[PDB]
Amino acid sequence: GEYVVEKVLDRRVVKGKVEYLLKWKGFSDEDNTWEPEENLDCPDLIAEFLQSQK
Amino acid sequence: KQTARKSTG
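Going down the list, the sequences are from chains Z and X. Here the first sequence is numbered in my numbering, starting from 13 and rising by one per residue. Here the second sequence is numbered in my numbering, starting from -10 and rising by one per residue.
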């Protein structure tokens, strides 16, 4: 399914591909998942994470 | 809205 994301918590690079750790709206932090970037439709939240990295 | 698809399985 498609769900609303609260925040992008982290990013990792594995096998030449980018994945993000996502906090899902209305779900426990125990339900955070790593998702391939192609799954994401949250550009403003990715922009927030990269700026927090600087 | 900021959404994403959650990988199933």
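The C-beta atom is built at its ideal place from N, Cα and C for all residues, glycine as well.
Taking 7 Å as the cut-off, the beta carbon of residue 33(Z) is found closer than this to the beta carbon of residue 21(Z).
Taking CB atoms only, residue 26(Z) has no neighbour in chain X less than 7 Å away.
Listed along chain X, the residues sitting closer than 9 Å to residue 51(Z) by beta-carbon distance are -7, -6, -5, -4. Following the DSSP letters along the chain, one finds residue 60(Z) inside the alpha helix (DSSP H) bounded by residues 55 to 65. Of the other Cβ atoms in all chains shown, fewer than 16 fall within 10 Å of the Cβ of residue 62(Z); this residue is therefore exposed.
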